[PDB]
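Student: The data below comprise the sequence and an experimental structure of the protein.
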There are 2 protein chains.
Amino acid sequence: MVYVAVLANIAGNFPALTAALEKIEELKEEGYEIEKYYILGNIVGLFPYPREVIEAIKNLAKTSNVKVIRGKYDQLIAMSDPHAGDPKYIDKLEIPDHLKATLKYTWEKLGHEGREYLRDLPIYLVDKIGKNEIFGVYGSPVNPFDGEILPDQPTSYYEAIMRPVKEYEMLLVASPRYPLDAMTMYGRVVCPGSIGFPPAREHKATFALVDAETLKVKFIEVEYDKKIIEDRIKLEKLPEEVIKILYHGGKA
Amino acid sequence: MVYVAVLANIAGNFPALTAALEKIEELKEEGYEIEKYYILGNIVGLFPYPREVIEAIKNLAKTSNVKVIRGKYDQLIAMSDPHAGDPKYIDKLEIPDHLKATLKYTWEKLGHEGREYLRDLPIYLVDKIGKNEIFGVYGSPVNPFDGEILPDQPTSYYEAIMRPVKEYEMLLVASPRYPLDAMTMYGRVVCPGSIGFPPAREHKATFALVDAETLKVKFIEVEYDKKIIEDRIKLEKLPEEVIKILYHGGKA
Ligand code: NA
Ligand code: NA
């Protein structure tokens, strides 16, 4: 049958992304036919593989239908003056010291072409899975980049969030960080989980496959190598906090 | 020919809305074919005619194709607990004093049925005006409710704002509060003007008619009676500050 692959929060973690894409190639040998991909942010920003992540997405988009939308971290980079000489503007932003470091590094490594790529990324996902209209945004409908839809809340919580977008059958968001599939009277609120941004310990690249016909959601978890990411963080001189996030999780 | 009427920022000003609608009816008698209406927020919130504004729209929706989206003020009311006994939460919001007064007034005057109506209002407008896809939001694509797009800026300013929504031919926003029609390489950024929220002195109910085939924008200005609004403000014991905004304009 046919499913739509939904991924989110790669956050510059190339190994996690590669593991996920390879699992998908394998599932296609298992009866899954994947007509298109939805990739929610953050795309880059935390882990040291910004260029490899974008290249992998660009390559996928050439042979498959890929719709990508930017996340908070992507926007913090894209919003900078196009010909800024450095990422110093970041030191004034109200964000943790560790994020300031990774964002600066990302800004630099991306170069002008990488930064322009982020600037071309849409903010909103408006498409249909099957014959069903769906809407997608990084944070929440009320606030695209700073809004946070929490996982583990009662149906009433999700019902109120879905109301403003009740014309859509499904709302796709990245902020919950964990697999979420909440049916409400106004439609379903869904989070595919997190690809490369660990929410806690023993993180596994997580994403979702949604049935284009029935809209049912299946969540997939795939292991990836954290040691090579740890080594890269060290080699690149990034904050120890980034390693702590890798193994114990952290919030956006 | 055929046009789509675009209105924004009624802000509870029934007399202004009535004047605009009546002008539309006159233009129809003059050969203007109106296919549908787009009514961007703020619907209610500042002036004392919340119930009458909603009733006028509802009746319009009965006979014509009308799509409405909420604005900042509408959201501040809709976000409240469905069974709160008063609008006291508003006093703790970081908004000017006069707005607390008018929002609380609006909250109670709306009644449960009125507030529920705002809660059903979509946040985003996604439609086609002919073969042209369009997107609409109150503030800005980056921040739906708090985002502000300025008028009278260089093309480069609007270009950067259109880029994240470049999949659409036209972006409709209310925040500029003045007629705006800026063409960029990524599409046009348009503001129909303000229907009932004066940005300055001698304000006239302003809206736009968009050519359903050429996407050409025509702005219309209509006069309405401010004295009856002033009198209503006084009768309802609302801030003198609202009368000030009425004749000298005020900011959202
Ligand atoms: Na729905
Ligand atoms: Na465009």
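Tutor: Cool, got the structure. Numbering: from 1, shown residues only, chains lettered A, B, ... in the order given. Ligands and ions are numbered 1, 2, ... in the order given.

Student: Residue A:216 contacts residue A:210, doesn't it?
Tutor: Yes. With contacts defined as CB atoms under 8 Å, residue A:216 counts as touching residue A:210 at a distance of 7.1 Å. From N, CA and C alone the C-beta is placed, and that goes for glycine too.

Student: Just the CA atoms of stretch A:78-91, as PDB, please.
Tutor: What follows is stretch A:78-91, C-alpha atoms only, in PDB (Å, rounded to 0.1, in the frame of the first residue of the first chain):
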ATOM      1  CA  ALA A  78      17.700  32.500   7.800                       C
ATOM      2  CA  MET A  79      16.600  35.800   9.500                       C
ATOM      3  CA  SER A  80      20.200  37.100   9.500                       C
ATOM      4  CA  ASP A  81      21.200  39.900   7.000                       C
ATOM      5  CA  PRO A  82      22.100  38.100   3.700                       C
ATOM      6  CA  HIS A  83      25.600  39.600   3.600                       C
ATOM      7  CA  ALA A  84      26.400  39.600   7.300                       C
ATOM      8  CA  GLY A  85      30.200  39.000   7.700                       C
ATOM      9  CA  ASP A  86      29.800  36.800  10.800                       C
ATOM     10  CA  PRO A  87      27.100  35.200  13.100                       C
ATOM     11  CA  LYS A  88      27.700  37.600  16.000                       C
ATOM     12  CA  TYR A  89      24.000  38.700  16.000                       C
ATOM     13  CA  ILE A  90      23.400  35.400  17.600                       C
ATOM     14  CA  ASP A  91      25.200  36.500  20.900                       C
END
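
Student: Any idea how far it is from the middle of the chain?
Tutor: 23 Å (CA atoms, centre = their mean, to the nearest Å).

Student: same check, this time on stretch A:193-205
Tutor: A distance of 11 Å separates the centroid of the chain from that of stretch A:193-205, by CA atoms, centre = their mean.

Student: Show me which residues of that stretch are buried.
Tutor: With burial defined by 16 or more other CB atoms under 10 Å in any protein chain shown, the residues of stretch A:193-205 counted as buried are A:193, A:194, A:195, A:196, A:197, A:198, A:199, A:203, A:204, A:205.

Student: ok, of the residues you listed, which one's closest to ligand 2?
Tutor: residue A:195 (29.2 Å; CB to the ion).

Student: Residue A:216 and residue A:210 - which one has more neighbours?
Tutor: residue A:210 (26 against 11; other CB atoms under 10 Å in any protein chain shown).

Student: Name the residue of the stretch 1-150 of chain A that lies nearest to ligand 1.
Tutor: For the stretch 1-150 of chain A, CB to the ion, closest residue to ligand 1: residue A:133, 8.2 Å.

Student: I meant chain A, not that one.
Tutor: Closest point on chain A to ligand 1, by CB to the ion, is residue A:187, at 3.0 Å.

Student: There's contact between that residue and residue A:164 in this structure, I believe.
Tutor: No. If you go by CB under 8 Å, residue A:187 and residue A:164 don't touch, sitting 11.0 Å apart.

Student: still on that earlier bit, narrow the buried residues of stretch A:193-205 to those in strands?
Tutor: residue A:205 (DSSP state E).

Student: sorry, back to before: quick one: residues contacting the residue of chain A closest to ligand 1.
Tutor: A:162, A:165, A:166, A:168, A:169, A:170, A:171 (CB atoms under 8 Å, 6 or more residues apart in numbering or on different chains).

Student: Which residue ranges of the stretch 151-252 of chain A form strands?
Tutor: Using DSSP state E, counting those that start in this stretch, the strands of the stretch 151-252 of chain A run over residues A:170-173, A:179-184, A:187-192, A:205-211, A:217-222.

Student: Can you add distance to residue B:103 and give these back as JSON lines?
Tutor: Putting the strands of the stretch 151-252 of chain A into JSON lines (distance: least, CB to CB, whole Å) gives the following:
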{"stretch": "strand A:170-173", "distance to residue B:103": "27"}
{"stretch": "strand A:179-184", "distance to residue B:103": "27"}
{"stretch": "strand A:187-192", "distance to residue B:103": "28"}
{"stretch": "strand A:205-211", "distance to residue B:103": "39"}
{"stretch": "strand A:217-222", "distance to residue B:103": "39"}
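
Student: among those strands, which is nearest residue B:85?
Tutor: Closest of the strands of the stretch 151-252 of chain A to residue B:85 is strand A:179-184, at 25.4 Å (criterion: CB to CB).

Student: Please see if the closest one touches ligand 1.
Tutor: No. Contact of strand A:179-184 with ligand 1 (CB under 5 Å from the ion) is absent, the minimum separation being 8.3 Å.

Student: Just give the nearest non-adjacent residue to residue A:234, would you?
Tutor: With CB to CB, 6 or more residues apart in numbering or on different chains as the criterion, residue A:234 has its nearest non-adjacent residue at 7.7 Å, and that residue is residue A:243.

Student: ok, so what distance separates that neighbour from residue A:48?
Tutor: Per CB to CB, to the nearest Å, residue A:243 is found 11 Å from residue A:48.

Student: More neighbours: the two, which one.
Tutor: For the pair residue A:243 and residue A:48, the greater number of neighbours falls to residue A:48 (24 against 16), based on other CB under 10 Å.

Student: How about the contacts made by the more buried one?
Tutor: Contacts of residue A:48 by CB under 8 Å, 6+ apart are A:12, A:102, A:105, A:109, A:229, A:232, A:233, A:236, A:238.

Student: In a strand, it, correct?
Tutor: No. Residue A:48 sits outside any strand when classified using DSSP: H, G, I helix; E, B strand; the rest coil, being coil.

Student: Could you look up the SS state of residue A:133?
Tutor: strand.

Student: hang on, it packs against residue A:171?
Tutor: No. Counting by CB under 8 Å, residue A:133 stays clear of residue A:171, with 10.6 Å between them.

Student: more crowded one of these two?
Tutor: Using other CB under 10 Å as the criterion, residue A:133 and residue A:171 rank with residue A:171 on top: 27 against 16.

Student: That one and residue A:31: what is the separation?
Tutor: 28 Å.

Student: Of all the residues in the stretch 1-150 of chain A, which one is nearest chain B?
Tutor: Per CB to the nearest CB, residue A:123 is where the stretch 1-150 of chain A lies closest to chain B, at 4.7 Å.

Student: Mind exporting the C-alpha coordinates of stretch A:196-213 to PDB?
Tutor: Only the C-alpha atoms of stretch A:196-213 are listed here, as PDB (Å, rounded to 0.1, in the frame of the first residue of the first chain):
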ATOM      1  CA  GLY A 196      18.000  13.500  15.400                       C
ATOM      2  CA  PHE A 197      17.200  15.700  18.300                       C
ATOM      3  CA  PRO A 198      17.000  13.400  21.400                       C
ATOM      4  CA  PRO A 199      14.200  14.300  23.900                       C
ATOM      5  CA  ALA A 200      15.700  11.900  26.500                       C
ATOM      6  CA  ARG A 201      18.100   9.000  26.900                       C
ATOM      7  CA  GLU A 202      18.500   6.100  24.400                       C
ATOM      8  CA  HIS A 203      17.100   8.100  21.600                       C
ATOM      9  CA  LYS A 204      16.300   6.300  18.300                       C
ATOM     10  CA  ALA A 205      15.600   8.200  15.100                       C
ATOM     11  CA  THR A 206      11.900   8.300  15.000                       C
ATOM     12  CA  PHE A 207       9.400   9.100  12.200                       C
ATOM     13  CA  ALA A 208       5.900   8.200  11.000                       C
ATOM     14  CA  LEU A 209       4.300   6.600   8.000                       C
ATOM     15  CA  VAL A 210       0.700   7.600   7.500                       C
ATOM     16  CA  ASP A 211      -1.700   5.500   5.400                       C
ATOM     17  CA  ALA A 212      -2.800   7.700   2.400                       C
ATOM     18  CA  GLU A 213      -6.100   5.900   2.300                       C
END
